[PDB]
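Please treat every number below as a calculation from the coordinates, not as lab data. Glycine gets a Cβ as well: all are built from the backbone with ideal geometry, and neighbour counts include every protein chain shown.
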Amino acid sequence: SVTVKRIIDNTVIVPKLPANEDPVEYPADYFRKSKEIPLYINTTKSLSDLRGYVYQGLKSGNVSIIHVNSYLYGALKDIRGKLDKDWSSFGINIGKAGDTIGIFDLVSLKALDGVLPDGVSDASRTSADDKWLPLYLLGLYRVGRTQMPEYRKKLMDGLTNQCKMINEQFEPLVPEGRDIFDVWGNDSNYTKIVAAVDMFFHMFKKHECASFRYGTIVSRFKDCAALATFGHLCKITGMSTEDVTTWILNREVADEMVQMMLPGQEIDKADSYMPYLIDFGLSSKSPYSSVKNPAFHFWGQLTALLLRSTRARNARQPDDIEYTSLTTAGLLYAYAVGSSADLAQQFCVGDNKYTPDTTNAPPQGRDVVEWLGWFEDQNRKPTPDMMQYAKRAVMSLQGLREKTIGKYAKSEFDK
Amino acid sequence: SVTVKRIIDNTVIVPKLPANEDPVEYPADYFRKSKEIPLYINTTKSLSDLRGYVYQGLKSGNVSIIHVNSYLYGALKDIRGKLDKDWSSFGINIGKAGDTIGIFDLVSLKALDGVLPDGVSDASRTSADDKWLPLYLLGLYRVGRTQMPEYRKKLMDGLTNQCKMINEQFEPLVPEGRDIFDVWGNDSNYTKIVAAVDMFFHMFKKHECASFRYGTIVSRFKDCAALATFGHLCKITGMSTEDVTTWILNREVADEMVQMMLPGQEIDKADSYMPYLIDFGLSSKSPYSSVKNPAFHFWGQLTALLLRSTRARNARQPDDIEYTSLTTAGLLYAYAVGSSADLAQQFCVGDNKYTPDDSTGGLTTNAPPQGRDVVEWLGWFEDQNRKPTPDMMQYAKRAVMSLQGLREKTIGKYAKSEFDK
Amino acid sequence: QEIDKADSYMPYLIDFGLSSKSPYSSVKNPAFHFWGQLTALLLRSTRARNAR
RNA sequence: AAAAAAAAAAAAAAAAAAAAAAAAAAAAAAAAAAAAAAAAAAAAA
């Protein structure tokens with residue numbers, strides 16, 4: 001099939017179609033360029049000052065990102081945090097035995113010239129400062145990324161978090177529109193700050209100010225949905241990462257799995273940079289994204305859904321994937337895991353179930369090959385019970401959002 | 001399966017995935033550091049005073065936790081309480097024979113410098129003091145932890161409790177939001193106080209002021225839900241702790257059970273510190289929590305639910321657990337316990353049911369097992385091609401149909417959907 | 001014609017006025033457009049649902 | 001009389017799409033919208 005030809009007149013034709021570039025970009029394969037995550041923050045000038053440029057700047061539609069940036073640098077040099085262990089990543093040392101370090105031993109710079117208010121926007125603001133203001137500011141990263149009454153859900157609670165040994169009201173005017181400060185997202189250095197705040201308090205989980213991760217948290221594995229629906233599939237099938245992996249039954253799902261699992265990227269690593277590849281700008285097209293792993297994302301979720309997952313219910317149904325092979329392979333894996341439970345006596349009193357005491361009855365366990373065999377044995381077309389299993393998984397599901405694998409499954413199966 | 005490889009091009013791949021730290025932390029394995037539960041209470045200055053700093057501080061959005069803390073220390077030195085028995089825990093002596101002791105023989109300190117009002121908030125408040133004000137204050141720990149019209153339920157009654165023998169009325173303004181004083185929770189020393197008040201009155205259950213446990217009670221086994229749904233499963237299957245244990249049929253449920261049952265932690269102990277591991281800060285990630293025991297929590301409740309438990313109805317359905325093996329193993333245990341009751345003559349008059357009659361019969365086959373032995377049932381289940389039977393799934397659908405008012409994301413709502421249709 | 005080409009002019013044949021009747025259009029490829037979408041639709045396509 | 005898509009200028013074609021996205025998932029701790037104790041027919045001269 002490298003070479004197609006029309007039959008009646010017997011002329012060639014080259015079916016070609018619009019290319020589709022943007023390769024992925026891995027964390028590691030970027031520290032092969034630079035060894036530092038440059039955080040340009042400019043006005044290393046007064047903090048007492050900057051604290052004001054932002055309190056006032058926020059109670060109105062205009063506060064410069066460049067200012068909030070610099071404000072955060074100011075509030076966040078709680079050089080607190082004693083590395084009880086070591087800490088490196090991708091070559092980058094960060095601190096060895098017990099070394100005392102702060103949120104920014106992740107390589108600071110300083111940039112350009114333009115900055116708004118003069119000397120003092122107002123003397124009002126005391127150091128009811130770090131206490132919350134940064135929290136609140138970082139928390140707007142989280143709010144900015146969203147779109148439905150979750151925005152007001154997210155703000156309204158990402159605003160009872162500054163009522164924590166503070167007390168207060170709530171600032172800035174317009175609800176949302178992904179517009180009011182949803183631009184901070186677009187700011188290379190802002191993202192770098194939240195990414196650092198999280199990566200830091202992620203490490204020093206017990207810190208007093210660790211409460212700050214409230215908004216800074218949606219940064220960890222930002223754009224790594226498929227990576228995370230992998231881990232969820234595993235957890236929801238109770239199966240091991242490797243055994244789940246064998247259950248991948250489509251070239252372009254395995255292609256993506258291969259792309260995700262690429263080594264020396266610190267995926268699995270305790271406290272690595274990788275989770276923040278996107279916000280630290282180590283990558284501008286993450287290889288763990290739903291969108292670069294559409295087939296994997298669909299399958300893994302559809303499967304988990306069938307296996308009673310609450311999450312998957314609402315996972316988006318990626319477009320331009322082969323739906324009618326991904327679902328089949330999902331159904332099967334779901335069926336396998338589903339029908340044939342994992343029951344096994346765990347405790348006893350000298351007495352336990354030594355277990356080694358029909359035609360076409362589904363396979364004993366969860367071996368891919370046992371099941372593939374069984375399926376081929378099924379003329380390669382999903383069986384009545386399994387399709388019933390599927391219809392039992394999805395009927396009774398209500399409140400399904402359009403274009404989710406949830407709504408997909410229910411339509412594919414309940415009728 | 002340590003080593004996976006792609007087939008067509010035959011290259012390796014290492015399926016790895018984001019790690020997941022926060023280990024648990026046990027009570028015991030903390031007194032291997034310190035032998036004291038340090039209650040930093042700073043302003044050991046006047047009480048008549050502090051009683052005011054809080055009465056007024058509360059009738060308004062601003063009262064310092066540091067103040068309530070110190071106020072409680074003041075009101076709660078009812079050094080009352082005669083240890084009729086002994087009393088130790090984790091090495092810590094607390095009082096031997098006849099020893100007379102009070103709520104704070106649990107190791108007090110004193111801290112920093114900042115404190116709000118000057119000399120006198122207002123001379124108003126008499127010693128209509130301990131009588132309730134502490135109760136009320138402690139009661140707000142309980143209220144703070146919550147989220148639905150239970151808040152107003154909980155306050156509205158955790159406020160007819162100060163109308164007791166004292167008859168003194170309701171206070172601050174805003175309903176809730178987990179915000180108004182729901183921050184006292186975050187206070188290391190506050191929690192330590194309520195934890196001590198409970199642990200104490202828990203011991204001296206008959207004390208006059210024991211009425212104080214009203215709010216201080218949600219502290220005992222705070223973050224130990226799986227531990228408690230274990231006990232409930234037991235109670236609800238009438239089975240013994242050990243026989244219930246054998247009925248655990250999933251690696252990760254047993255792993256959790258093992259983690260829970262870890263010895264020398266005083267779980268089972270009369271009046272131990274363990275129940276308060278969280279609030280005394282003996283632990284910052286309790287090993288008895290629903291969340292560190294997700295599979296155990298699910299199973300145990302789902303099962304209990306099936307066995308008619310009223311509680312389980314509303315237990316949350318933990319995420320990222322294997323739902324379709326936990327339910328199977330739950331259904332099975334439920335079925336076992338359910339179908340085959342526990343009937344046996346208990347009393348008589350010289351005449352009783354000798355039960356071993358020549359047990360030869362007709363249902364010569366596949367009828368579910370006589371009793372509740374795991375192995376008898378496992379066998380039977382394997383005998384069932386390892387797929388839950390019609391009656392047992394009917395038993396399940398009888399358990400859950402007719403259940404109404406099920407909350408979303410509870411094992412209740414789960415079971416009804418899994419079974420009623 | 002550089003259809004498949006990375007960054008070619010072809011995608012803009014219309015707007016660059018390189019063409020005033022594009023050979024890739026639904027309208028000059030009515031049968032192909034129908035078939036391909038109808039098919040895709042059957043194969044669960046979300047897009048095709050709304051193709052004219 | 002003349003007519004006959006309440007067709008149509010073309011060009012057109014997802015009431016698709018900036019990029020990045022992807023549970024309208026999440027500080028963490030939790031987890032019966034259980035629970036002072038005592039009780040518990042919203043039973044009773």
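Any idea which residue in the range B:312-326 is farthest from RNA strand D (Cβ to nearest atom), counting only those that are outside any helix (DSSP H, G or I) and out of contact with any helix residue (DSSP H, G or I) (no Cβ under 6 Å at 6 or more places or on another chain)? Working first, answer last.
Our first condition is that a residue be outside any helix (DSSP H, G or I); within the range B:312-326, this holds for B:315-322.
The next check asks that each one be out of contact with any helix residue (DSSP H, G or I) (no Cβ under 6 Å at 6 or more places or on another chain); those that pass are B:316, B:319, B:322.
Values: B:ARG316: 4, B:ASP319: 7, B:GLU322: 16 Å.
So the residue we want is B:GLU322.
Being of a type in the set (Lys, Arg) and within 30 Å of B:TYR190 (Cα to Cα) is the filter here, so list the residues in the range B:218-252 that pass it. Can you show your working first?
Initial filter on the range B:218-252 (of a type in the set (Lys, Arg)): B:220, B:222, B:235, B:251.
B:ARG220, B:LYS222 - these are the residues of the range B:218-252 that are of a type in the set (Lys, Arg) and within 30 Å of B:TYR190 (Cα to Cα).
Which members of the range B:150-168 meet the condition of being farther than 19 Å from B:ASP198 by Cα and within 21 Å of the chain's Cα centre (by Cα)?
Within the range B:150-168, B:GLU150, B:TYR151, B:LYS153 meet the criteria.
Can you find, within the range B:218-240, the residue that is farthest from the other protein chains (Cβ to nearest Cβ) among those that are part of a loop (DSSP other than H, G, I, E, B) and more than 7 Å from RNA strand D (Cβ to nearest atom)?
In the first step, residues of the range B:218-240 are kept if they are part of a loop (DSSP other than H, G, I, E, B); the result is B:220-224, B:237-240.
Pick out the ones that are also more than 7 Å from RNA strand D (Cβ to nearest atom) and you get B:237-240.
Values: B:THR237: 15, B:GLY238: 18, B:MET239: 13, B:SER240: 11 Å.
For the range B:218-240, the residue satisfying everything is B:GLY238.
Given (1) away from every other protein chain (no Cβ under 14 Å); (2) of a type in the set (S, T, N, Q); (3) more than 11 Å from RNA strand D (Cβ to nearest atom), where does A:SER127 come up short, assuming only one miss?
(1)
Go through the range B:275-311 residue by residue and tally those that are in a helix (DSSP H, G or I), more than 10 Å from RNA strand D (Cβ to nearest atom) and more than 18 Å from B:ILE248 (Cα to Cα).
Within the range B:275-311, residues that are in a helix (DSSP H, G or I), more than 10 Å from RNA strand D (Cβ to nearest atom) and more than 18 Å from B:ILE248 (Cα to Cα) number 1.
Is there a residue in the range A:184-194 that is more than 10 Å from RNA strand D (Cβ to nearest atom), assigned to a loop (DSSP other than H, G, I, E, B) and either under 23 Å from A:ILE94 (Cα atoms) or more than 14 Å from every other protein chain (Cβ to nearest Cβ) (or both)?
The answer is yes; a qualifying residue exists.
Can you tell me which residue within the range A:132-153, out of those that are assigned to a loop (DSSP other than H, G, I, E, B) and in contact with a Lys or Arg (Cβ under 9 Å, 6 or more places away or on another chain), is farthest from A:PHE200 (Cα to Cα)? Don't jump to the end; show me each part of the working.
Within the range A:132-153, the subset assigned to a loop (DSSP other than H, G, I, E, B) is A:132, A:145-149.
Narrowing the set further to residues that are in contact with a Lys or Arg (Cβ under 9 Å, 6 or more places away or on another chain) leaves A:132, A:145-147.
Values: A:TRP132: 17, A:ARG145: 21, A:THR146: 24, A:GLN147: 28 Å.
That would be A:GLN147.
Hey, can you tell me all the residues within the range B:123-171 that are aliphatic (A, V, I, L, M) and surrounded by 12 or more Cβ atoms within 10 Å (Cβ to Cβ)?
Our first condition is that a residue be aliphatic (A, V, I, L, M); within the range B:123-171, this holds for B:123, B:128, B:133, B:135, B:137-138, B:140, B:143, B:148, B:155-156, B:159, B:165-166.
Scanning the range B:123-171 gives B:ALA128, B:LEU133, B:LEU135, B:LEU137, B:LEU138, B:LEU140, B:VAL143, B:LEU155, B:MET156, B:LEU159, B:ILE166.
Would you check which residues across the range A:241-299 are within 9 Å of another protein chain (Cβ to nearest Cβ) and among the β-branched types (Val, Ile, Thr) and list them?
Residues satisfying the conditions are A:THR241, A:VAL244, A:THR245, A:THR246, A:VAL258, A:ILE267.
When only residues in the range A:154-183 that are more than 11 Å from chain B (Cβ to nearest Cβ) and assigned to a helix (DSSP H, G or I) count, which is nearest to RNA strand D (Cβ to nearest atom)?
A:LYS154
Search the range A:15-69 for residues being within 27 Å of the chain's Cα centre (by Cα) and of a type in the set (S, T, N, Q), and hand back the single one that is nearest to A:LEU109 (Cα to Cα). So that I can check it myself, show each step before the final result.
Start the filter on the range A:15-69 by keeping residues that are within 27 Å of the chain's Cα centre (by Cα), which leaves A:20-41, A:65-66, A:68-69.
Still in the running and of a type in the set (S, T, N, Q): A:20, A:34, A:69.
Working: A:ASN20: 36, A:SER34: 14, A:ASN69: 12 Å.
Checking each candidate, the answer is A:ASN69.
Go through the range A:384-409 and give me each residue that's within 14 Å of RNA strand D (Cβ to nearest atom) and closer than 15 Å to A:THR328 by Cα. Working first, answer last.
Initial filter on the range A:384-409 (within 14 Å of RNA strand D (Cβ to nearest atom)): A:397-409.
Selection gives A:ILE405, A:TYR408, A:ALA409.
Being outside any loop (DSSP other than H, G, I, E, B), within 14 Å of chain B (Cβ to nearest Cβ) and in contact with a helix residue (DSSP H, G or I) (Cβ under 7 Å, 6 or more places away or on another chain) narrows it down to one residue among A:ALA329, A:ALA334, A:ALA341; which is it? Walk me through how you get there before you give the answer.
On the way: A:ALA329 fails: within 14 Å of chain B (Cβ to nearest Cβ); A:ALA341 fails: outside any loop (DSSP other than H, G, I, E, B).
Just a single option satisfies the conditions, and that option is A:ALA334.
Which ones in the range C:32-49 are closer than 23 Å to A:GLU402 by Cβ, away from RNA strand D (no atom under 11 Å from the Cβ) and surrounded by 11 or more Cβ atoms within 10 Å (Cβ to Cβ)? Outline the logic, then answer.
Filtering the range C:32-49 down to residues closer than 23 Å to A:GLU402 by Cβ leaves C:37-49.
So of that shortlist, the ones also away from RNA strand D (no atom under 11 Å from the Cβ) come out as C:38-39, C:42-44.
C:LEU38, C:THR39, C:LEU43, C:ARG44, listed by residue number.
Answer yes or no: is there a residue in the range A:10-18 that is on the phi > 0 side of the Ramachandran plot, surrounded by fewer than 21 Cβ atoms within 10 Å (Cβ to Cβ) and of a type outside the set (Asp, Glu). Steps first, please.
In the first step, residues of the range A:10-18 are kept if they are on the phi > 0 side of the Ramachandran plot; the result is A:10.
If we keep only those that are surrounded by fewer than 21 Cβ atoms within 10 Å (Cβ to Cβ) too, we end up with A:10.
After this cut, where a residue has to be of a type outside the set (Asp, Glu) as well, the list is A:10.
Yes: the range A:10-18 contains one or more residues that are on the phi > 0 side of the Ramachandran plot, surrounded by fewer than 21 Cβ atoms within 10 Å (Cβ to Cβ) and of a type outside the set (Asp, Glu).
Across the range A:356-404, what is the number of residues that are surrounded by fewer than 15 Cβ atoms within 10 Å (Cβ to Cβ), of a type in the set (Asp, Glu) and within 13 Å of chain B (Cβ to nearest Cβ)?
Residues meeting the conditions: 2.
Report yes if some residue within the range A:285-303 is surrounded by fewer than 23 Cβ atoms within 10 Å (Cβ to Cβ) and among the polar types (S, T, N, Q); otherwise report no. Reasoning before the result, please.
If we filter the range A:285-303 for residues that are surrounded by fewer than 23 Cβ atoms within 10 Å (Cβ to Cβ), which is where we start, we get A:285, A:289-292, A:294.
Within this subset, residues satisfying the condition of being among the polar types (S, T, N, Q) are A:289-290.
The answer is yes, given that some residue of the range A:285-303 is surrounded by fewer than 23 Cβ atoms within 10 Å (Cβ to Cβ) and among the polar types (S, T, N, Q).
Can you tell me which residue is farthest from the other protein chains (Cβ to nearest Cβ) among those in the range B:307-316 that are surrounded by fewer than 23 Cβ atoms within 10 Å (Cβ to Cβ) and either within 11 Å of A:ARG308 (Cα to Cα) or in contact with a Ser or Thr (Cβ under 9 Å, 6 or more places away or on another chain) (or both)?
The qualifying residue farthest from the other protein chains (Cβ to nearest Cβ) is B:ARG311.
Just checking, how many residues over the range A:365-387 are assigned to a loop (DSSP other than H, G, I, E, B) and of a type outside the set (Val, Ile, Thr)?
Quick first cut of the range A:365-387, residues assigned to a loop (DSSP other than H, G, I, E, B) only: A:365-367, A:377-383.
Okay, now just the ones that are also of a type outside the set (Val, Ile, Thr), so A:365-367, A:377-382.
Counting residues in the range A:365-387 that are assigned to a loop (DSSP other than H, G, I, E, B) and of a type outside the set (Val, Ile, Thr) gives 9.
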